[PDB]
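Novice: One structure follows; several queries about it will come next.
What follows is calculated from the coordinates using simple rules that are stated; it is not laboratory data. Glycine also receives a Cβ, built like all others from the backbone with ideal geometry; neighbour counts cover every protein chain displayed.
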Amino acid sequence: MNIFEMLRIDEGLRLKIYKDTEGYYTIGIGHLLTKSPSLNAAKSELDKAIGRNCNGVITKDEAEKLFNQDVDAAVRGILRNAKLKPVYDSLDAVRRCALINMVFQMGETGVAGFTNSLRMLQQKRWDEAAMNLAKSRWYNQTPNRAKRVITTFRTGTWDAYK
Ligand SMILES: [Cl-]
Ligand SMILES: [Cl-]
């Protein structure tokens with residue numbers, strides 16, 4: 001198992017513009033296009049991201065390209081973030097993937113706001129951090145996915161995904 005496989009399971013793959021769980025226009029493997037209510041704005045953002053007239057549809061290849069970009073951006077973002085970097089540095093390989101997952105989903109900023117949880121992960125207090133992570137909007141809105149990420153942090157293994 002690796003980050004790509006992990007995220008492919010949590011996000012799915014769709015080749016046509018769709019609304020995410022929060023109602024935002026998205027495509028491919030969890031690639032947010034926009035938070036605007038306008039399908040056109042979405043369609044516009046899409047073409048700009050692909051560089052062609054897409055008419056709201058893309059190919060698999062294109063979906064995978066956006067995915068590679070997004071994963072790279074997430075890692076780089078973590079590594080640039082004063083709050084995130086130290087946490088990342090302190091973790092083992094598996095749990096690092098869990099932190100990338102959260103960043104991909106919620107943004108650097110979003111994750112950086114899980115102050116208490118971050119401190120606990122940094123102190124290697126697995127069970128405590130898991131419980132704290134659970135007390136969040138995130139957990140309440142997408143519980144199955146949250147639970148998978150949380151178990152990953154708790155155990156340090158890929159069991160939730162197997
Ligand atoms: Cl809560
Ligand atoms: Cl879910």
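Novice: Please go through the range 15-44 and pick out each residue that is out of contact with any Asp or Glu (no Cβ under 8 Å at 6 or more places or on another chain) and closer than 15 Å to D70 by Cα.
Specialist: Residue satisfying the conditions is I27 alone.
Novice: If you don't mind, there's one more thing I want to ask. With the structure loaded, tell me whether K83 is within 16 Å of ligand 1 (Cβ to nearest atom) and either in contact with a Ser or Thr (Cβ under 9 Å, 6 or more places away or on another chain) or not hydroxyl-bearing (S, T, Y) (or both) or whether it fails that test. Step through it out loud before you land on a result.
Specialist: Working: within 16 Å of ligand 1 (Cβ to nearest atom): no; either in contact with a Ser or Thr (Cβ under 9 Å, 6 or more places away or on another chain) or not hydroxyl-bearing (S, T, Y) (or both): yes.
Taking the combined requirement at face value, the residue does not satisfy it.
Novice: Considering only residues that are surrounded by 19 or more Cβ atoms within 10 Å (Cβ to Cβ) and in a helix (DSSP H, G or I), which ones fall in the range 46-62?
Specialist: Scanning the range 46-62 gives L46, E62.
Novice: Another question about this same structure. Within the range 76-123, can you find the residues that are in a helix (DSSP H, G or I) and aromatic (F, W, Y)?
Specialist: Taking the range 76-123 and keeping what is in a helix (DSSP H, G or I), we get 76-80, 85-90, 93-112, 115-122.
Once the filter is applied, which keeps residues that are in a helix (DSSP H, G or I) and aromatic (F, W, Y), the range 76-123 yields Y88, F104.
Novice: Also, I was wondering about something else. Can you give me the number of residues within the range 18-45 that are surrounded by 17 or more Cβ atoms within 10 Å (Cβ to Cβ), of a type in the set (V, I, T) and touching a residue at least 24 places away in the same chain (Cβ under 8 Å)?
Specialist: 2
Novice: Please name all residue pairs, on different chains or six or more residues apart, with Cβ atoms under 6 Å, provided the first residue is in the range 135-162 and is in contact (Cβ under 8 Å) with a residue 24 or more places away in the chain and among the hydrophobic types (A, V, I, L, M, F, W, C) and the second residue is part of a helix (DSSP H, G or I) and within 8 Å of ligand 2 (Cβ to nearest atom).
Specialist: Every condition considered, the pairs that remain are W138/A146.
Novice: Follow-up. Tell me which residues, restricted to the range 125-157, are hydroxyl-bearing (S, T, Y), within 16 Å of ligand 1 (Cβ to nearest atom) and either over 14 Å from the mean Cα position of the chain (by Cα) or at positive phi (or both).
Specialist: Matches in the range 125-157: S136 only.
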